[PDB]
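**Student:** So here's target.cif (mmCIF, N, CA and C atoms and all ligand atoms).
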data_entry
#
loop_
_atom_site.label_atom_id
_atom_site.label_comp_id
_atom_site.auth_asym_id
_atom_site.auth_seq_id
_atom_site.Cartn_x
_atom_site.Cartn_y
_atom_site.Cartn_z
N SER A 1 -7.83 15.46 27.85
CA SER A 1 -9.31 15.65 27.70
C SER A 1 -10.04 14.38 27.24
N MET A 2 -11.36 14.42 27.40
CA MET A 2 -12.22 13.32 26.98
C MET A 2 -12.39 13.34 25.46
N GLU A 3 -12.46 14.53 24.84
CA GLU A 3 -12.47 14.57 23.35
C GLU A 3 -11.21 13.87 22.77
N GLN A 4 -10.01 14.17 23.32
CA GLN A 4 -8.74 13.59 22.85
C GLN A 4 -8.75 12.08 22.87
N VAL A 5 -9.25 11.50 23.95
CA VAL A 5 -9.43 10.04 24.10
C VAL A 5 -10.38 9.43 23.06
N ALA A 6 -11.46 10.16 22.72
CA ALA A 6 -12.46 9.69 21.73
C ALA A 6 -11.92 9.71 20.31
N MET A 7 -11.17 10.78 19.99
CA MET A 7 -10.42 10.92 18.74
C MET A 7 -9.46 9.76 18.56
N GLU A 8 -8.84 9.38 19.68
CA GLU A 8 -7.87 8.31 19.73
C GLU A 8 -8.52 6.93 19.64
N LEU A 9 -9.68 6.74 20.26
CA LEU A 9 -10.45 5.50 20.07
C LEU A 9 -10.82 5.31 18.57
N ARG A 10 -11.12 6.41 17.85
CA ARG A 10 -11.41 6.39 16.40
C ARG A 10 -10.13 6.11 15.57
N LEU A 11 -9.02 6.79 15.85
CA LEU A 11 -7.76 6.48 15.18
C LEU A 11 -7.42 4.99 15.36
N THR A 12 -7.53 4.51 16.59
CA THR A 12 -7.33 3.09 16.88
C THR A 12 -8.20 2.17 16.04
N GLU A 13 -9.48 2.48 15.91
CA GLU A 13 -10.37 1.61 15.15
C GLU A 13 -10.14 1.74 13.64
N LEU A 14 -9.79 2.94 13.17
CA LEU A 14 -9.34 3.09 11.78
C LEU A 14 -8.13 2.17 11.50
N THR A 15 -7.18 2.16 12.44
CA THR A 15 -6.01 1.32 12.34
C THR A 15 -6.37 -0.16 12.33
N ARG A 16 -7.33 -0.60 13.16
CA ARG A 16 -7.78 -2.02 13.10
C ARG A 16 -8.33 -2.34 11.70
N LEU A 17 -9.15 -1.45 11.15
CA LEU A 17 -9.71 -1.66 9.81
C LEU A 17 -8.63 -1.68 8.70
N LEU A 18 -7.68 -0.74 8.75
CA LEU A 18 -6.58 -0.72 7.78
C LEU A 18 -5.64 -1.93 7.85
N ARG A 19 -5.42 -2.48 9.04
CA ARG A 19 -4.66 -3.74 9.16
C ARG A 19 -5.31 -4.92 8.43
N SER A 20 -6.63 -4.99 8.50
CA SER A 20 -7.40 -6.00 7.79
C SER A 20 -7.28 -5.78 6.27
N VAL A 21 -7.48 -4.52 5.85
CA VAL A 21 -7.32 -4.11 4.47
C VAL A 21 -5.89 -4.46 3.98
N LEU A 22 -4.87 -4.15 4.76
CA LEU A 22 -3.50 -4.45 4.36
C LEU A 22 -3.34 -5.95 4.12
N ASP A 23 -3.85 -6.78 5.03
CA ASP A 23 -3.69 -8.24 4.88
C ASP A 23 -4.37 -8.76 3.62
N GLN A 24 -5.56 -8.26 3.35
CA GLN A 24 -6.29 -8.62 2.15
C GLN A 24 -5.55 -8.23 0.88
N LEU A 25 -4.93 -7.05 0.88
CA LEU A 25 -4.14 -6.57 -0.28
C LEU A 25 -2.85 -7.37 -0.50
N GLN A 26 -2.19 -7.69 0.61
CA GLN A 26 -0.98 -8.46 0.54
C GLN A 26 -1.27 -9.91 0.09
N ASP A 27 -2.41 -10.48 0.50
CA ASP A 27 -2.78 -11.84 0.04
C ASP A 27 -2.88 -11.88 -1.49
N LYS A 28 -3.22 -10.75 -2.12
CA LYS A 28 -3.20 -10.62 -3.59
C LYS A 28 -1.80 -10.44 -4.25
N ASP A 29 -0.74 -10.62 -3.45
CA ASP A 29 0.68 -10.64 -3.88
C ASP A 29 1.32 -11.93 -3.34
N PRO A 30 0.83 -13.11 -3.79
CA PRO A 30 1.34 -14.39 -3.23
C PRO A 30 2.82 -14.61 -3.55
N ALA A 31 3.26 -14.11 -4.70
CA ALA A 31 4.70 -14.05 -5.04
C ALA A 31 5.64 -13.23 -4.12
N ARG A 32 5.09 -12.33 -3.29
CA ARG A 32 5.85 -11.44 -2.40
C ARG A 32 6.80 -10.44 -3.10
N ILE A 33 6.41 -10.02 -4.31
CA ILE A 33 7.17 -9.05 -5.11
C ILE A 33 7.19 -7.64 -4.44
N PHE A 34 6.12 -7.32 -3.69
CA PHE A 34 5.97 -6.00 -3.01
C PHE A 34 6.10 -5.99 -1.46
N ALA A 35 6.61 -7.09 -0.89
CA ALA A 35 6.70 -7.29 0.59
C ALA A 35 7.71 -6.43 1.33
N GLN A 36 8.77 -6.06 0.59
CA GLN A 36 9.96 -5.42 1.15
C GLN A 36 10.44 -4.32 0.21
N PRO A 37 11.18 -3.35 0.74
CA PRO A 37 11.68 -2.32 -0.17
C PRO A 37 12.56 -2.90 -1.29
N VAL A 38 12.56 -2.26 -2.46
CA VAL A 38 13.57 -2.55 -3.47
C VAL A 38 14.97 -2.27 -2.87
N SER A 39 15.84 -3.28 -2.95
CA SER A 39 17.21 -3.21 -2.40
C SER A 39 18.12 -2.25 -3.19
N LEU A 40 18.77 -1.35 -2.47
CA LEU A 40 19.70 -0.42 -3.10
C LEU A 40 21.04 -1.11 -3.32
N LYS A 41 21.36 -2.12 -2.51
CA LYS A 41 22.45 -3.04 -2.86
C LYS A 41 22.19 -3.71 -4.24
N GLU A 42 20.99 -4.23 -4.48
CA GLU A 42 20.68 -4.95 -5.74
C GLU A 42 20.26 -4.07 -6.93
N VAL A 43 19.62 -2.91 -6.68
CA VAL A 43 19.31 -1.92 -7.74
C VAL A 43 19.85 -0.56 -7.29
N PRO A 44 21.17 -0.35 -7.44
CA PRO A 44 21.75 0.87 -6.84
C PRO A 44 21.34 2.16 -7.52
N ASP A 45 20.87 2.11 -8.79
CA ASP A 45 20.32 3.28 -9.49
C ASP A 45 18.83 3.61 -9.17
N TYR A 46 18.23 2.92 -8.19
CA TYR A 46 16.76 2.88 -8.09
C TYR A 46 16.19 4.28 -7.80
N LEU A 47 16.84 4.99 -6.90
CA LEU A 47 16.44 6.34 -6.54
C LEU A 47 16.63 7.41 -7.62
N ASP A 48 17.42 7.14 -8.67
CA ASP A 48 17.44 8.00 -9.85
C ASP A 48 16.10 7.91 -10.62
N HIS A 49 15.43 6.75 -10.52
CA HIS A 49 14.19 6.46 -11.23
C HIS A 49 12.93 6.78 -10.44
N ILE A 50 12.90 6.35 -9.18
CA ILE A 50 11.75 6.39 -8.33
C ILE A 50 12.07 7.27 -7.14
N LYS A 51 11.34 8.38 -7.01
CA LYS A 51 11.59 9.38 -5.96
C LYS A 51 10.96 9.07 -4.60
N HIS A 52 9.84 8.34 -4.59
CA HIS A 52 9.18 7.91 -3.37
C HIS A 52 8.89 6.39 -3.41
N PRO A 53 9.87 5.57 -2.97
CA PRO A 53 9.64 4.13 -2.92
C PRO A 53 8.62 3.77 -1.86
N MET A 54 7.94 2.66 -2.12
CA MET A 54 7.02 2.13 -1.17
C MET A 54 6.97 0.61 -1.29
N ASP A 55 6.55 -0.03 -0.19
CA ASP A 55 6.43 -1.48 -0.09
C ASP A 55 5.50 -1.83 1.11
N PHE A 56 4.99 -3.05 1.14
CA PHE A 56 4.10 -3.48 2.24
C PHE A 56 4.69 -3.42 3.65
N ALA A 57 5.98 -3.67 3.81
CA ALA A 57 6.57 -3.67 5.16
C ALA A 57 6.66 -2.26 5.74
N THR A 58 7.04 -1.31 4.90
CA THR A 58 7.09 0.13 5.23
C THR A 58 5.69 0.66 5.59
N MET A 59 4.65 0.26 4.82
CA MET A 59 3.23 0.58 5.13
C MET A 59 2.83 0.03 6.49
N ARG A 60 3.26 -1.20 6.77
CA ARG A 60 2.98 -1.85 8.04
C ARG A 60 3.65 -1.13 9.23
N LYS A 61 4.89 -0.65 9.10
CA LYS A 61 5.51 0.08 10.22
C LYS A 61 4.71 1.38 10.53
N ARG A 62 4.29 2.06 9.47
CA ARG A 62 3.48 3.27 9.60
C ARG A 62 2.10 2.96 10.21
N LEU A 63 1.47 1.91 9.72
CA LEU A 63 0.21 1.44 10.26
C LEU A 63 0.26 1.25 11.77
N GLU A 64 1.30 0.59 12.28
CA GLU A 64 1.34 0.18 13.69
C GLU A 64 1.78 1.30 14.64
N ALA A 65 2.36 2.36 14.07
CA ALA A 65 2.54 3.64 14.76
C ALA A 65 1.34 4.59 14.55
N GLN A 66 0.20 4.04 14.11
CA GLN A 66 -1.02 4.82 13.84
C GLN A 66 -0.77 6.09 13.02
N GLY A 67 0.12 5.98 12.04
CA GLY A 67 0.49 7.10 11.21
C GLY A 67 -0.41 7.28 10.00
N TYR A 68 -1.41 6.41 9.80
CA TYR A 68 -2.43 6.74 8.77
C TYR A 68 -3.64 7.48 9.41
N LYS A 69 -3.78 8.78 9.14
CA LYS A 69 -4.89 9.60 9.69
C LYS A 69 -6.26 9.23 9.07
N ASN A 70 -6.26 8.89 7.78
CA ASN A 70 -7.46 8.53 7.01
C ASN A 70 -7.12 7.49 5.91
N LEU A 71 -8.13 6.97 5.22
CA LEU A 71 -7.99 6.01 4.14
C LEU A 71 -7.31 6.55 2.87
N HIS A 72 -7.49 7.83 2.58
CA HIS A 72 -6.79 8.46 1.46
C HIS A 72 -5.25 8.27 1.57
N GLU A 73 -4.70 8.59 2.73
CA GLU A 73 -3.27 8.50 2.99
C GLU A 73 -2.76 7.06 2.73
N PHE A 74 -3.46 6.08 3.30
CA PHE A 74 -3.21 4.65 3.08
C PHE A 74 -3.28 4.30 1.58
N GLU A 75 -4.32 4.73 0.89
CA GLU A 75 -4.44 4.50 -0.55
C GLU A 75 -3.29 5.11 -1.39
N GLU A 76 -2.80 6.29 -1.00
CA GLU A 76 -1.67 6.92 -1.67
C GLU A 76 -0.44 6.03 -1.61
N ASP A 77 -0.18 5.45 -0.45
CA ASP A 77 0.96 4.54 -0.26
C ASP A 77 0.81 3.26 -1.07
N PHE A 78 -0.42 2.73 -1.16
CA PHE A 78 -0.68 1.51 -1.94
C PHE A 78 -0.49 1.76 -3.42
N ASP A 79 -0.99 2.88 -3.88
CA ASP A 79 -0.78 3.29 -5.28
C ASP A 79 0.69 3.55 -5.67
N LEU A 80 1.52 4.04 -4.74
CA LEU A 80 2.96 4.21 -4.99
C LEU A 80 3.56 2.88 -5.31
N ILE A 81 3.18 1.85 -4.56
CA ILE A 81 3.74 0.54 -4.77
C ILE A 81 3.51 0.10 -6.20
N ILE A 82 2.27 0.28 -6.65
CA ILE A 82 1.85 -0.16 -7.98
C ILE A 82 2.50 0.71 -9.03
N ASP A 83 2.36 2.02 -8.84
CA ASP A 83 2.78 2.99 -9.85
C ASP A 83 4.29 3.02 -9.99
N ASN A 84 5.03 2.81 -8.90
CA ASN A 84 6.50 2.79 -8.98
C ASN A 84 6.93 1.64 -9.87
N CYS A 85 6.29 0.49 -9.65
CA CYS A 85 6.61 -0.76 -10.34
C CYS A 85 6.35 -0.69 -11.83
N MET A 86 5.24 -0.05 -12.21
CA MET A 86 4.83 0.08 -13.61
C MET A 86 5.68 1.09 -14.39
N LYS A 87 6.42 1.94 -13.68
CA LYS A 87 7.34 2.86 -14.33
C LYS A 87 8.71 2.20 -14.48
N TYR A 88 9.21 1.63 -13.38
CA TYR A 88 10.56 1.04 -13.37
C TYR A 88 10.67 -0.14 -14.31
N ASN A 89 9.69 -1.04 -14.28
CA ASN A 89 9.70 -2.25 -15.09
C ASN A 89 8.87 -2.12 -16.36
N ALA A 90 9.37 -2.72 -17.44
CA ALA A 90 8.66 -2.70 -18.71
C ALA A 90 7.43 -3.59 -18.67
N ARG A 91 6.52 -3.25 -19.57
CA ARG A 91 5.25 -3.95 -19.78
C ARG A 91 5.32 -5.48 -19.83
N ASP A 92 6.37 -6.03 -20.44
CA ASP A 92 6.46 -7.48 -20.69
C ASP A 92 7.18 -8.27 -19.57
N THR A 93 7.17 -7.75 -18.34
CA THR A 93 7.90 -8.34 -17.23
C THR A 93 6.93 -8.87 -16.21
N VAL A 94 7.39 -9.88 -15.49
CA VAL A 94 6.65 -10.45 -14.38
C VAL A 94 6.31 -9.40 -13.29
N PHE A 95 7.17 -8.41 -13.14
CA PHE A 95 6.99 -7.39 -12.13
C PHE A 95 5.89 -6.44 -12.49
N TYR A 96 5.87 -5.98 -13.75
CA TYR A 96 4.82 -5.08 -14.21
C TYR A 96 3.46 -5.77 -14.17
N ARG A 97 3.43 -7.00 -14.68
CA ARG A 97 2.22 -7.78 -14.69
C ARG A 97 1.71 -8.11 -13.28
N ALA A 98 2.63 -8.33 -12.34
CA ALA A 98 2.22 -8.55 -10.95
C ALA A 98 1.55 -7.29 -10.33
N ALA A 99 1.97 -6.09 -10.75
CA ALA A 99 1.42 -4.85 -10.24
C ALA A 99 0.01 -4.61 -10.77
N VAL A 100 -0.16 -4.86 -12.06
CA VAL A 100 -1.42 -4.72 -12.74
C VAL A 100 -2.43 -5.58 -12.02
N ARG A 101 -2.07 -6.83 -11.76
CA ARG A 101 -2.97 -7.77 -11.09
C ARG A 101 -3.32 -7.35 -9.67
N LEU A 102 -2.33 -6.86 -8.93
CA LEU A 102 -2.55 -6.36 -7.56
C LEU A 102 -3.47 -5.15 -7.52
N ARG A 103 -3.36 -4.28 -8.53
CA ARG A 103 -4.19 -3.09 -8.67
C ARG A 103 -5.66 -3.51 -8.87
N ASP A 104 -5.87 -4.36 -9.87
CA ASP A 104 -7.21 -4.83 -10.22
C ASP A 104 -7.90 -5.58 -9.06
N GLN A 105 -7.18 -6.52 -8.46
CA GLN A 105 -7.67 -7.24 -7.29
C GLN A 105 -7.75 -6.36 -6.04
N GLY A 106 -6.86 -5.37 -5.95
CA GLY A 106 -6.92 -4.39 -4.88
C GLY A 106 -8.18 -3.54 -4.91
N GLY A 107 -8.67 -3.22 -6.12
CA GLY A 107 -9.76 -2.24 -6.34
C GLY A 107 -11.09 -2.57 -5.71
N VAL A 108 -11.36 -3.87 -5.61
CA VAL A 108 -12.57 -4.43 -4.96
C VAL A 108 -12.52 -4.18 -3.44
N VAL A 109 -11.40 -4.59 -2.82
CA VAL A 109 -11.20 -4.45 -1.37
C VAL A 109 -11.28 -2.99 -0.92
N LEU A 110 -10.72 -2.11 -1.74
CA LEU A 110 -10.67 -0.67 -1.47
C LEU A 110 -12.02 0.01 -1.69
N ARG A 111 -12.79 -0.54 -2.63
CA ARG A 111 -14.14 -0.10 -2.90
C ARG A 111 -15.02 -0.31 -1.64
N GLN A 112 -14.88 -1.48 -1.00
CA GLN A 112 -15.68 -1.79 0.19
C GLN A 112 -15.18 -1.07 1.45
N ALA A 113 -13.87 -1.04 1.66
CA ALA A 113 -13.28 -0.27 2.75
C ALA A 113 -13.72 1.21 2.78
N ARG A 114 -13.81 1.88 1.62
CA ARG A 114 -14.27 3.29 1.58
C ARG A 114 -15.72 3.41 2.07
N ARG A 115 -16.55 2.39 1.81
CA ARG A 115 -17.92 2.33 2.34
C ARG A 115 -17.91 2.09 3.87
N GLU A 116 -17.07 1.16 4.38
CA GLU A 116 -16.99 0.87 5.84
C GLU A 116 -16.43 2.03 6.70
N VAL A 117 -15.59 2.86 6.10
CA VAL A 117 -15.01 4.03 6.77
C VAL A 117 -16.01 5.19 6.78
N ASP A 118 -16.70 5.39 5.65
CA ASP A 118 -17.84 6.35 5.54
C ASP A 118 -18.98 5.96 6.50
N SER A 119 -19.42 4.70 6.39
CA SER A 119 -20.48 4.14 7.22
C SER A 119 -20.17 4.29 8.72
N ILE A 120 -19.13 3.59 9.22
CA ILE A 120 -18.81 3.56 10.67
C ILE A 120 -18.12 4.82 11.26
N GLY A 121 -17.71 5.78 10.43
CA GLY A 121 -16.95 6.97 10.87
C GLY A 121 -15.49 6.90 10.46
NA NA B 201 8.77 2.21 -17.87
#
Could you spell out this file's structure in C-alpha cells?
Ligand code: NA
**Tutor:**
Amino acid sequence: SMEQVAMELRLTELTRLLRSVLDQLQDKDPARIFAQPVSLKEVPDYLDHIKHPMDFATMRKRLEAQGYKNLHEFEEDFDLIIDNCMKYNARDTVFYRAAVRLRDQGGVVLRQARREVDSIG
C-alpha cells in the first residue's frame, strides 16, 4: 500500500536523524569507553551484575536495521549505557566519571532532538 510506503519514508527519516544524534553522542566519548560491549572474556562476572548490557556499536547495528521505532526507544538504550556503568563501577573511577560526563553532555543533544522529532513528525 501507499500508506505503508509513507510510514516507511518516516521510519527512514527518523533513522537519518538518530544516526546524526548517535554521532554527536559518541563524539562526547573521545576515550571510547562505551564504543563496544563489555568483554565477557575480560569481565566474566559481568552478567551477574548487569542484566541488560548496552554499548554504541550494538545501538548502531539496531539503528541500521531501522529497529528504533521512536526516540524514546533510542533514549532507553543510551541511558542503559550510562546507568550500567554507574552501577558496575565505583564513584572514584575513570569509568564512572566518563559516564557522568557523557550523560551531562548528552542531555543538550537529546533536548534538541526531542524538539526536531516533535516538530518534523
Ligand atoms: Na556501584
**Student:** Which centre and edge lengths in Å to one decimal define the box along x, y and z that fits every listed atom of range 82-90 of chain A plus 3 Å per side, as AutoDock Vina command-line options?
**Tutor:**
--center_x 6.3 --center_y -0.3 --center_z -12.7 --size_x 14.8 --size_y 12.6 --size_z 18.1
**Student:** Output the neighbourhood of ligand NA 201 (chain B) as number ranges by chain, that is, all protein and nucleic acid residues with some atom at most 6 Å from the ligand, counting only C-alpha atoms and all ligand atoms.
**Tutor:** A: 87-90
**Student:** Convert the current residue selection to file output with N, CA and C atoms, as a PDB file, in the frame of the given file.
**Tutor:**
ATOM      1  N   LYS A  87       6.420   1.940 -13.680  1.00  0.00           N
ATOM      2  CA  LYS A  87       7.340   2.860 -14.330  1.00  0.00           C
ATOM      3  C   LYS A  87       8.710   2.200 -14.480  1.00  0.00           C
ATOM      4  N   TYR A  88       9.210   1.630 -13.380  1.00  0.00           N
ATOM      5  CA  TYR A  88      10.560   1.040 -13.370  1.00  0.00           C
ATOM      6  C   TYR A  88      10.670  -0.140 -14.310  1.00  0.00           C
ATOM      7  N   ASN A  89       9.690  -1.040 -14.280  1.00  0.00           N
ATOM      8  CA  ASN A  89       9.700  -2.250 -15.090  1.00  0.00           C
ATOM      9  C   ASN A  89       8.870  -2.120 -16.360  1.00  0.00           C
ATOM     10  N   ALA A  90       9.370  -2.720 -17.440  1.00  0.00           N
ATOM     11  CA  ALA A  90       8.660  -2.700 -18.710  1.00  0.00           C
ATOM     12  C   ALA A  90       7.430  -3.590 -18.670  1.00  0.00           C
TER      13      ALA A  90
END
**Student:** Find the spatial neighbours of residue 59 in chain A, counting all atoms listed in the file, within a cut-off of 8 Å - ignore same-chain residues fewer than 4 positions away - and output them as JSON, numbers by chain.
**Tutor:** {"A": [54, 55, 63, 64, 65, 74, 77, 78]}
**Student:** CA of residue 34 in chain A to CA of residue 14 in chain A: how many Å, to one decimal?
**Tutor:**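 Those two atoms sit 23.1 Å apart.
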**Student:** Nearest residue to residue 17 in chain A out of A:113, A:42, A:118, A:85, using all atoms listed in the file?
**Tutor:**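 Of the candidates, the smallest distance to residue 17 in chain A is held by A:113.
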**Student:** Interatomic distance between CA of residue 60 in chain A and atom N of residue 82 in chain A?
**Tutor:**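 Here the two named atoms are 14.9 Å from each other.
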**Student:** So the first atom is CA of residue 93 in chain A and the second is CA of residue 49 in chain A; what is the distance between them in Å, to one decimal place?
**Tutor:**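 Straight-line distance from CA of residue 93 in chain A to CA of residue 49 in chain A works out to 17.2 Å.
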**Student:** So that I can check the secondary structure, give me every residue of chain A assigned helix (DSSP H, G or I) by backbone DSSP, as a ChimeraX atom specification.
**Tutor:** /A:2-27,46-49,56-64,71-88,94-120
**Student:** Please determine, counting only N, CA and C atoms, which residue among A:41, A:106, A:6, A:71 has the shortest atom-to-atom distance to residue 26 in chain A.
**Tutor:**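 Checking each of A:41, A:106, A:6, A:71 against residue 26 in chain A, counting only N, CA and C atoms, the winner is A:106.
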**Student:** Identify which of the residues A:53, A:33, A:76, A:110 lies closest to residue 97 in chain A, counting only C-alpha atoms when measuring atom-to-atom distances.
**Tutor:**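 When distances to residue 97 in chain A are compared using only C-alpha atoms, the smallest one comes from A:33.
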**Student:** With only N, CA and C atoms as the counted atoms, please give the residues lying no more than 8 Å from residue 121 in chain A, apart from itself and same-chain residues fewer than 4 positions off, as a compact mmCIF listing (two decimals) with N, CA and C atoms, in the coordinates of the input.
**Tutor:**
# COMPACT_ATOMS: atom_id res chain seq x y z
N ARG A 10 -11.12 6.41 17.85
CA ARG A 10 -11.41 6.39 16.40
C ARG A 10 -10.13 6.11 15.57
N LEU A 14 -9.79 2.94 13.17
CA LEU A 14 -9.34 3.09 11.78
C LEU A 14 -8.13 2.17 11.50
N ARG A 115 -16.55 2.39 1.81
CA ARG A 115 -17.92 2.33 2.34
C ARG A 115 -17.91 2.09 3.87
N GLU A 116 -17.07 1.16 4.38
CA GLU A 116 -16.99 0.87 5.84
C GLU A 116 -16.43 2.03 6.70
N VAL A 117 -15.59 2.86 6.10
CA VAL A 117 -15.01 4.03 6.77
C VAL A 117 -16.01 5.19 6.78
**Student:** Which is closer to residue 81 in chain A than all the others in A:51, A:11, A:3, A:99, using only N, CA and C atoms?
**Tutor:**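 So, comparing all the options, the nearest one is A:99.
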